[PDB]
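Coordinate analysis (summary)
So the chains spell out like this:
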Amino acid sequence: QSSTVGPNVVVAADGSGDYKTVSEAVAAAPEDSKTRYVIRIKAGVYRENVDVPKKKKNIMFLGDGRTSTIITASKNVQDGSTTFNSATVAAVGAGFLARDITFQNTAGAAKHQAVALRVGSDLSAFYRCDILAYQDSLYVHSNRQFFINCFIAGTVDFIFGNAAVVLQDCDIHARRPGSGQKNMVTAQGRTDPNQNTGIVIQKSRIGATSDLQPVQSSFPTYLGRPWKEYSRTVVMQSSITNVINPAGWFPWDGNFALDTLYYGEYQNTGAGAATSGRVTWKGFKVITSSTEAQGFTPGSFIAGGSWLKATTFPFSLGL
Ligand SMILES: C[As](C)(=O)[O-]
Ligand SMILES: C[As](C)(=O)[O-]
């Protein structure tokens, strides 16, 4: 009954729109378009896997609310799929955008790798979205990405890959895993020192879900572990609860990558932000210089001044 950002088509599970599924709307969009194609998705639950391929550029998902618009599935590695192919939603075509919607994978802790959202789109952004799963929830696979005011939940390596991404003003919570497991917020995979990639968490809130908080002393949680030799992750200007063990970071396999990785922390607050008991690795560092920290902000790390304004979402370029 209204139009904000120009809508090209309407999807509705109750049958009151143009098509009943999200996949139908993506199929209708023309290839190689210079203008944006907007898909409005009405309230409801959509049981389907969705793919946005390389030739479908500048596509936007516009839901009616993060709490009421859900895309769900349950592909996983324990049952036969590969990590890459297990994603409920896969966004590859350049310039993808999404707001007010949920992406989820319901496989569970016992099914191992099971992705909710995989992104390989250059210059893509997400606003007011929820991404929910257990092991490997968010696959930030490749290219430049931006997440603002989003909620992400998971257990083992739930934010992983080799893209250049910044998550600003977000809520990131670890949940209760399976017996004997340990949670890891990130698993960055840079393999060469000349690659311009890494994971940055800025002005956000890191904590625990309601089912984990009471038993944090039975399921340890860390900020991350080095999947590849030149892993690079930064946490700055954020609040951190005591869900994070004092050591801060965890090894991958012995002394692998400890001398070549770059894990840094700048002006964080909260019980979990103390640095006096952190690991002794050569690659770990407490940043005290503002010029060093500024290099990881949107304007300097993902060329934000050239495209964030055109996303129609809110943003901040510096410190
Ligand atoms: C009459 As109608 C397209 O707003 O449901
Ligand atoms: C080995 As992994 C980063 O898929 O958990």
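Residues numbered from 1 in each chain as written, not as in the entry; some residues may be left out. Chains lettered and ligands numbered in written order. Heavy atoms only, no water. Residues with missing side-chain atoms left out of burial classes, pairs and counts.

This entry, as listed in the PDB, derives from X-ray crystallography and reports a resolution of 1.75 Å.

Going by what the PDB entry lists, the protein chain is known as PECTINESTERASE and is assigned to Daucus carota. As recorded in the PDB, the entry bears the title "Pectin methylesterase from Carrot". Under Catalytic activity, UniProt gives the following word-for-word description of the protein chain: "[(1->4)-alpha-D-galacturonosyl methyl ester](n) + n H2O = [(1->4)-alpha-D-galacturonosyl](n) + n methanol + n H(+)". Recorded under Sequence similarities, the UniProt text for the protein chain is reproduced unchanged: "Belongs to the pectinesterase family." (UniProt positions renumbered as here; feature names shortened; annotations may be inferred.)

1. As for the pairing of strand β2 (residues 37-41)
In terms of burial, β2 is largely enclosed, as 5 of its 5 residues are buried. Side chains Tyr37, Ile39 and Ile41 project from β2 onto one buried face, and the interleaved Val38 and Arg40 project onto a second face that is buried too. Note: strand β1 (residues 9-11) against β2, 3 bridges, orientation parallel. Note on β2: the bridge partner recorded for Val11 is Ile41. Read from β1 through helix α1 (residues 22-28) to β2, the crossover connection turns out right-handed. With 5 bridges connecting them, β2 and strand β5 (residues 59-63) associate as parallel partners. The partner of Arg40 across the bridge, within β5, is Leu62. (Buried < 20%, exposed > 50% of the residue type's maximum accessible area, 1.4 Å probe, protein only. Helix = DSSP H or I, 4+ residues; strand = E, 2+ residues; numbered from the N terminus. Pairing = 2+ DSSP bridges. Right-handed = clockwise from strand over helix to strand, strands pointing away.)

2. Observations regarding the site of ligand 2
In the neighbourhood of ligand 2, the contacting residues comprise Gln113, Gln135, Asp136, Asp157, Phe160 and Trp227. The side chain of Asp136 places a nitrogen or oxygen atom 2.9 Å from an oxygen atom of ligand 2. Side-chain polar atom of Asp157 to an oxygen atom of ligand 2: 2.9 Å apart, as the coordinates give it. Counted by class, the shell around ligand 2 contains 2 nonpolar, 2 polar and 2 charged residues. (Near = heavy atom within 4 Å. Polar contact = N/O pair within 3.5 Å; in protein donor to acceptor, adjacent residues only side chain to side chain. Nonpolar A, V, L, I, M, F, W, Y, C, P; charged D, E, K, R; others polar.)

3. Considering the UniProt feature "disulfide bond" in the protein chain
Inspection of the UniProt-annotated bridge between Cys150 and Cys170 gives a sulfur distance of 5.0 Å, outside the under-2.5 Å criterion for a formed disulfide. With respect to the element layout, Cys150 can be found in the loop between β12 (144-148) and β13 (151-154). Tracing the backbone through its elements, the reader meets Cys170 in the loop between β15 (164-168) and β16 (171-174). (Disulfide = S-S within 2.5 Å.)

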